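Don't worry about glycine lacking a Cβ; one is built from the backbone with ideal geometry, like all the others, and counts go over all protein chains shown. Any read-out appearing in this document is the output of simple, stated calculations on the displayed coordinates, not a laboratory observation.
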There are 4 protein chains.
Amino acid sequence: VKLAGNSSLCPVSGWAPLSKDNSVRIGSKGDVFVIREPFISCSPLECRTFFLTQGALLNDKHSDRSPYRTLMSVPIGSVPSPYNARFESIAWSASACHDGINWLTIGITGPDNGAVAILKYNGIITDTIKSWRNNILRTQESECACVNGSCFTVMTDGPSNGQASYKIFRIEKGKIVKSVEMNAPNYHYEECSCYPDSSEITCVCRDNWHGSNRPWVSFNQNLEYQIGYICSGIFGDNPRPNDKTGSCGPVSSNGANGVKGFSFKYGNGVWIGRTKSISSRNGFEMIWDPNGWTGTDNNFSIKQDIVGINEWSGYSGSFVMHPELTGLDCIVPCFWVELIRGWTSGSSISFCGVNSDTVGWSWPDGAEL
Amino acid sequence: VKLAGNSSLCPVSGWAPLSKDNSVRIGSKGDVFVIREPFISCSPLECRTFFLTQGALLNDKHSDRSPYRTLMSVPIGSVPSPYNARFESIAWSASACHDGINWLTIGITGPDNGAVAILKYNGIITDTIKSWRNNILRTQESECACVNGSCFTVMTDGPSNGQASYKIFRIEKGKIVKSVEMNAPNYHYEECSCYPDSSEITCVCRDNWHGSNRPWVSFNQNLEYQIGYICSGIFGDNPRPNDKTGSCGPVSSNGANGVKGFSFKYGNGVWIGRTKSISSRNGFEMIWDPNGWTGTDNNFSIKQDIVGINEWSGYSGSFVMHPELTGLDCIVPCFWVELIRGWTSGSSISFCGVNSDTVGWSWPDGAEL
Amino acid sequence: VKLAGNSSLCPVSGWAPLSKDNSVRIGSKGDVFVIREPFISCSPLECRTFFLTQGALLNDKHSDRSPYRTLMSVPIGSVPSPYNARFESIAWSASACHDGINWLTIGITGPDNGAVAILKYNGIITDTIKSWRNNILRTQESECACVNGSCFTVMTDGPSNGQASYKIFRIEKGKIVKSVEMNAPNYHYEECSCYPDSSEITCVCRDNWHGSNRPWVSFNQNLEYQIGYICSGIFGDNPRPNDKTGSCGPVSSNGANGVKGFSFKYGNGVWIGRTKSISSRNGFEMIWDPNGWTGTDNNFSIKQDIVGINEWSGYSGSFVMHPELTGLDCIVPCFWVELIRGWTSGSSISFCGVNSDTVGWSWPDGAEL
Amino acid sequence: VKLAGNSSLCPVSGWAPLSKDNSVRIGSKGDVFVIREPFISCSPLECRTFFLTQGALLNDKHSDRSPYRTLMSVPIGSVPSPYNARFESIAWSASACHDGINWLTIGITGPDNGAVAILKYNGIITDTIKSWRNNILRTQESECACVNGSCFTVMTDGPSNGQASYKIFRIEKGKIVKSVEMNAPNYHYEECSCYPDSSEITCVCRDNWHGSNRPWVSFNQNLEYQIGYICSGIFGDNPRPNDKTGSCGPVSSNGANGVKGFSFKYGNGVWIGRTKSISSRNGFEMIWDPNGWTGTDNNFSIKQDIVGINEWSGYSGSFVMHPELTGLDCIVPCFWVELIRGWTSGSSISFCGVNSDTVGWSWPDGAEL
Ligand SMILES: CCC(CC)O[C@H]1[C@H](NC(C)=O)[C@@H](N)C=C(C(=O)O)[C@H]1NC(C)=O
Ligand SMILES: CCC(CC)O[C@H]1[C@H](NC(C)=O)[C@@H](N)C=C(C(=O)O)[C@H]1NC(C)=O
Ligand SMILES: CCC(CC)O[C@H]1[C@H](NC(C)=O)[C@@H](N)C=C(C(=O)O)[C@H]1NC(C)=O
Ligand SMILES: CCC(CC)O[C@H]1[C@H](NC(C)=O)[C@@H](N)C=C(C(=O)O)[C@H]1NC(C)=O
Ligand SMILES: *[C@@H]1O[C@H](CO)[C@@H](O)[C@H](O)[C@H]1NC(C)=O
Ligand SMILES: *[C@@H]1O[C@H](CO)[C@@H](O)[C@H](O)[C@H]1NC(C)=O
Ligand SMILES: *[C@@H]1O[C@H](CO)[C@@H](O)[C@H](O)[C@H]1NC(C)=O
Ligand SMILES: *[C@@H]1O[C@H](CO)[C@@H](O)[C@H](O)[C@H]1NC(C)=O
Ligand SMILES: [Ca+2]
Ligand SMILES: [Ca+2]
Ligand SMILES: [Ca+2]
Ligand SMILES: [Ca+2]
């Protein structure tokens, strides 16, 4: 049965540890892939960790956009190894989600001026999208959002240090049935974290051009969209300035470059996942700002520590658990964090929102390099 | 279908070898986890070995309460390897059981003053329990007991060398529906081995404070509890004095510290699993005392050898096979023994009670260190 | 349910990347088989990569027609390893297909003067064919074609540098129900790539004797056959001359030896997969010739690059995805390419025909030898 | 559904290769168990290779009746590795079969004077048999035979160089319902290969005492037994004299010691599997003697080579494929051969009887030691 996607996110007061793979620590001895850009997506049975291999193992001489890059997947918490990974697609940029029946896998491969997204429904190639700007066609590196048998994603074509072109897709059974281009001047969308919420999709993305806060786009199933920036003075991107008065436009200070991130909108509130360090991808914390989606101030109410400030962090993205998997009446918000080491490789930790008691700690990668 | 849990333990005269993994012997060459505190729990289909990894492999430079510790599981008798282990939870103290529908996993992680138990039902986080004494919240390191769709566990918070606080939980579908604190002055409960028996639960635990006999707590589904010590002069803990006249207050002699153990109450009798050595965790034997639950004498009738006195042993715990798995009219009592080597790592052997003919032997770990 | 096989190939304008295993790159560190002659076949659930192991691993002292050669299989895109490969048959020449119910595996083993094909239906030996010329009995090294519960293959017995004997088989549930010998003087058929197309089978094969174009044989379910050569001046075999005027007979120039290949007939058109280099097995491209099946000219309309001319290629073969797997109204044409390295070992890439937008690139093996 | 076991063996004219694992060749690099005494048994879905591990891997310093010995199993043709083996029982002598519902596993462990057979039905301990002579209780090292939900085996207790005691068991759902002791003076039964045939069981065994021909015992489901020797002058055991006039008392010449073997009775005929060498366990051949079960002469009609005389062979045993697995009207006879290398370890090859065309060859282990 298709995931309905019509329930709301239920409110959460903290984040509870869900998975940790210990990939690099195991890969010091075992045969473990060199992976980058991991993300989590859940079927109505299980959650799976998706990752981009380089086609190489840790502690080997074979260890950005190469033809050897493939999207693979393992059960959540298991180490990514060639003996337990399932192949998904050839991809140096990827997205994947489950509509309640089968997996949809989106894999981008090809040259920088001619990249093509290959869409797979239950392992069968069902559609392709070619690059429309011929400057690095790229996608979420996180799970697409599925509402009522339609899955949705955001793709970006154009420069990563300037104005690019952003497209929203509706995908039914692996087939593109509607695409719209976002008219967003002075905005910049990269590597969006998208989640379903009451038949709507909300994406929170990376402004690599000139934004140290995070842009967002929300749209309905007919892809009528709204855009804006997260107005909180608690800035989400990395690099970023120290916390100050925010704005609902792109904040210029330390706005160049960035990191893939996420946020969860709760009315006017927002749960913000961000690095602890404002200069490097070090540490991770979750911050509850009861007015941060629209209000410019730098006052919050809850801060939970995820990764210690002296430990390496990286990409972070959102994923959801639908009521068809949990049996609840709401959609549970969850997120993953990539812990980048170094070769360059990464492990992953994942958290889910709960209303019960939580604690902060540091769950770092822990490999002795 | 939920496990009923209303049949009684059937009487057994001996213990028959069920599984042996040979973990360290294999891990000299293969990629095998460094594991500690293994335990066994059975679904209506199969039995599974649960274990705490350190996130490290044998014969590697990465080899108590760390954020890298995770609860994992393998089919019984198989070596714990990253290529065949299923991830369960992040945990440096754990418990797990199957109510007949899905697995319930309890995983404790966090700091010593702020640890939180994360409860998972079919891989979904369903509840959390925060520490109420802020001194190392800890649990069974063995299977919880499930009666009629409710699973039960005992948790301890407080000092391990003095009076602590002990709580009994009732858990339905991963949700705590009733918890009670045990009023047990001069008692000390650690790492309880709990089993169902005629709709009631019996736990036999470790007195780390001052007790060389083993404390016990029994309770019904509404958590009305009774407490006591095992009165037999055949003492169960390790370290322990030589066998003498017992009591069922806590026996002070060699009472400090201890080892996780188990016992099976049969009316007034008791099957006692214990180390052969009274000073170290060496050897293992099963002793049938027909009056040992209530009587203070040191006379028994059956002794079966499990591990030889010159071989290393360790933690031991109980698990059961419900009639829904065996097709019998009784609940079969079974137990595992951890064989600790050294890094510090452990293999496991497991036995099940039968009324047919048995033999004693030594089934040690066998790795040449 | 049996695959009907009665729909036609749907027209395609390009080829989209489907799988890439990165076998040798992984096998530099992991335990990966030394494999040769891989091919792909799909069940109504999944596609599988079949391969001939030498019974040896990469980077080992143990690394054509040996008794240690076995046919094995893995899920598509996964590395061929002894820990995830399924054993299929003992074979130094093989074919395999799925009729919609069970796998049919054909495995040839034995001496050069006495080889016997062993037919297996769902792992059970169901029939054998002995050699009728006693000079290396051999088969497709690609998937057999199944129409309406009957699977079809072509076998060759006799010299590979001269006139041999070619037989077409009809196989129902692993049992040979009809075989016919092809009366084909001056023709030479080796390692045929066969596909179903509207209840009929079309095979495109290798002329190792005197042909640099590719011979073909088409037949109905009663094995009434037609034969010919692909008339296009775009020659398909390797070694081959430079493109010139073709012929519907065997083209003598550079006609000796060859490589296993494929083609897809579309009325009078043909999709030709071939090496880029005319002298060695280097590179790969797909060429659309709208009249190439019957017309002798060297003019085409579409050329898509698959493997770069400086990268090693090898055997190529065809496979299909039936409507019972894709849910479409047509049979999707697909092909694989073996990338040969060096020991001698090979990885594999695979493509499927689509009518959407595609790009050319190079997806080579990538191992640093 | 239970296997009926009431059809007859259908006549076969040759033996076709079924599986070959290439264990030692792979284990030079990969993590492959050191195994001994492999055997094959088939469920109504699949066939499985059962083997006794030493709890040690090839190419490791950890590499007869030890407590570390365990019965494990893999799918047929796959290498025995800790990452794909299923644990079955603790055992230094074993037997296993499938009654059509679940696996029955028999595992003998314990000391030489106190060994106990542990019977497991679907992984649950269901019965035990203790040693009745206290001199190495031992069993088939091959598959038990199941007829109509009852599985049958032969066990031996007593000296291996003299008169011992032999018992036939009937086992229903893992429970012994009838055992009978064979009154067999001057006979010696070791490591019987038993097969069902028209609701009756026939076992062909090893005379380690004074017999170079092979003893046999046949019995119905009520264990009314008949005994004898194979009267053919084609002797089956190894060591053995050169072929001469036989008898069906025990043939004294070279009668001491032996090797586990098998034979298939076809009325008065017999298919004899035996080593080529009369002094060592070298080579293997299958010999059809149309009167060899009862007639003393040394004339046969068919000889098929299995393993070359310069290659190592070892234990050989029989297994069957029931009509519920093949869909045929008869029970297909099949056999395996262990190829012993050296540590001491072994690979396995397996053959099934067919009435189609076969060839002889050598399929040796092939590891370069
Ligand atoms: C700005 C997004 C994007 C623009 C192309 O770059 C991504 C890159 N994505 C791709 C498709 O290569 C990803 N592999 C990881 C990155 C990273 O670690 O920051 C980014 N790299 C740089 C140099 O910013
Ligand atoms: C007394 C129980 C408990 C009190 C905290 O200590 C456990 C410990 N449990 C935890 C939660 O760390 C466990 N890993 C193993 C132990 C062991 O091998 O004896 C114990 N260690 C010591 C120093 O006694
Ligand atoms: C001409 C086909 C065939 C004739 C016997 O030879 C095949 C060979 N097939 C067999 C059955 O051995 C295959 N392993 C690979 C080949 C290759 O890489 O070209 C061929 N080898 C040579 C020397 O041409
Ligand atoms: C005669 C059967 C039996 C009598 C005890 O001995 C078996 C042995 N079986 C057991 C139970 O150990 C088996 N592992 C392999 C043997 C072998 O390779 O020949 C035999 N060994 C010797 C010394 O003959
Ligand atoms: C979502 O829709 C389903 C039917 O599609 C309905 O049963 C359910 O109540 C809806 N839930 C909410 C929260 O609106
Ligand atoms: C346990 O309860 C079930 C119903 O829940 C009943 O059928 C069964 O007989 C009971 N068993 C015992 C041993 O009391
Ligand atoms: C193929 O046969 C089936 C019957 O199984 C029929 O329904 C189908 O329409 C046929 N295909 C075409 C293209 O007509
Ligand atoms: C075997 O038994 C089944 C029923 O158990 C019966 O249908 C079948 O005819 C029997 N076969 C023979 C050959 O007796
Ligand atoms: Ca930025
Ligand atoms: Ca104590
Ligand atoms: Ca040629
Ligand atoms: Ca003998």
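Candidates C:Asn6, C:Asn22: the one that is away from ligand 1 (no atom under 16 Å from the Cβ) and within 14 Å of chain A (Cβ to nearest Cβ) is C:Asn22. Condition (residue is more than 14 Å from every other protein chain (Cβ to nearest Cβ), within 14 Å of ligand 2 (Cβ to nearest atom) and in contact with a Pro (Cβ under 6 Å, 6 or more places away or on another chain)) applied to the range B:197-209: is it met by at least one residue? Yes, the range B:197-209 contains a residue that is more than 14 Å from every other protein chain (Cβ to nearest Cβ), within 14 Å of ligand 2 (Cβ to nearest atom) and in contact with a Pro (Cβ under 6 Å, 6 or more places away or on another chain).
Taking the numbered list (1) closer than 22 Å to D:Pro185 by Cα; (2) out of contact with any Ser or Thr (no Cβ under 8 Å at 6 or more places or on another chain) in turn, D:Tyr266 passes all entries but (1).
Would you call C:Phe50 buried (at least 21 other Cβ atoms within 10 Å of the Cβ), within 10 Å of another protein chain (Cβ to nearest Cβ) and away from ligand 8 (no atom under 16 Å from the Cβ)? No: the conditions fail for C:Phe50. Screening the range D:60-102 for residues that are assigned to a strand (DSSP E or B) and of a type in the set (A, V, I, L, M) and picking the one that is nearest to the other protein chains (Cβ to nearest Cβ) gives D:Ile90.
Looking at B:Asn6, is it in a loop (DSSP other than H, G, I, E, B) and closer than 30 Å to B:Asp357 by Cβ? In short, yes.
Quick check on C:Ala16: is it buried (at least 22 other Cβ atoms within 10 Å of the Cβ), under 21 Å from C:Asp365 (Cα atoms) and either among the basic types (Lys, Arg) or more than 16 Å from ligand 8 (Cβ to nearest atom) (or both)? When the stated conditions are applied, C:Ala16 passes them.
Kindly check whether there is at least one residue in the range B:71-94 that is more than 16 Å from ligand 2 (Cβ to nearest atom), closer than 20 Å to B:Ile129 by Cβ and hydroxyl-bearing (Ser, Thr, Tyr).
No, the range B:71-94 contains no residue that is more than 16 Å from ligand 2 (Cβ to nearest atom), closer than 20 Å to B:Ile129 by Cβ and hydroxyl-bearing (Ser, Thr, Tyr).
For every residue, the table says whether it meets (1) polar (S, T, N, Q); (2) closer than 29 Å to D:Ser350 by Cα; (3) away from ligand 9 (no atom under 16 Å from the Cβ).
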| residue | (1), (2), (3) |
| --- | --- |
| C:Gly5 | no, no, yes |
| C:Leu52 | no, yes, yes |
| C:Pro67 | no, yes, yes |
| C:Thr70 | yes, yes, yes |
| C:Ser81 | yes, yes, yes |
| C:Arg86 | no, yes, yes |
| C:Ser89 | yes, yes, yes |
| C:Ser93 | yes, yes, yes |
| C:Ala96 | no, yes, yes |
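Looking at the structure I just gave you, is D:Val337 within 16 Å of ligand 8 (Cβ to nearest atom) and under 17 Å from the mean Cα position of the chain (by Cα)?
no
Annotation for the range B:170-182: at least one member residue is assigned to a loop (DSSP other than H, G, I, E, B) and either within 16 Å of ligand 7 (Cβ to nearest atom) or under 27 Å from B:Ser66 (Cβ atoms) (or both).
Rundown of residues vs (1) touching a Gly at 6+ places or on another chain (Cβ under 6 Å); (2) under 26 Å from D:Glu324 (Cβ atoms); (3) within 16 Å of ligand 1 (Cβ to nearest atom), yes/no style:
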site	(1), (2), (3)
D:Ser193	yes, yes, no
D:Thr202	no, yes, no
D:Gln221	no, yes, no
D:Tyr225	no, no, no
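Here is the figure for the range D:268-304: residues that are crowded, with 16+ Cβ neighbours inside 10 Å and either in a strand (DSSP E or B) or of a type in the set (A, V, I, L, M, F, W, C) (or both) total 18.
Listed by position, the strands (runs of 3 or more DSSP E) enclosed by the range D:116-158 that each have at least 3 residues that are over 23 Å from B:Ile331 (Cβ atoms) are D:145-147, D:150-157.
Conditions (1) within 16 Å of ligand 1 (Cβ to nearest atom); (2) of a type in the set (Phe, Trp, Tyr), marked per residue:
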| position | (1), (2) |
| --- | --- |
| A:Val116 | yes, no |
| A:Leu119 | no, no |
| A:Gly123 | no, no |
| A:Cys144 | no, no |
| A:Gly149 | no, no |
| A:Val154 | yes, no |
| A:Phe169 | no, yes |
| A:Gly174 | no, no |
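Here's the yes/no breakdown for (1) facing another protein chain (nearest Cβ under 9 Å); (2) under 18 Å from C:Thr70 (Cβ atoms); (3) charged (D, E, K, R):
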| residue | (1), (2), (3) |
| --- | --- |
| D:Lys303 | no, no, yes |
| D:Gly314 | no, no, no |
| D:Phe319 | no, no, no |
| D:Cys330 | no, no, no |
| D:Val359 | yes, yes, no |
| D:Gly366 | yes, yes, no |
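Consider the range B:314-334 and keep the residues that are assigned to a loop (DSSP other than H, G, I, E, B) and under 14 Å from the mean Cα position of the chain (by Cα). The one that is nearest to B:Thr139 (Cα to Cα) is B:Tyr315. Only one of the listed residues (D:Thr109, D:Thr126) is under 19 Å from D:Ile176 (Cα atoms), of a type in the set (S, T, N, Q) and either at the interface with chain B (Cβ under 7 Å from one of its Cβ atoms) or surrounded by fewer than 19 Cβ atoms within 10 Å (Cβ to Cβ) (or both). That residue is D:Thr109. Cβ-Cβ distances below 6 Å connect the following pairs, each with a first residue in the range B:253-279 that is within 21 Å of B:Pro11 (Cβ to Cβ) and of a type in the set (A, V, I, L, M), a second residue that is outside any strand (DSSP E or B) and away from ligand 8 (no atom under 16 Å from the Cβ), and a separation of six or more residues or different chains: B:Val270/B:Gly292; B:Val270/B:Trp293; B:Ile272/B:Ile234; B:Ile272/B:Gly236.
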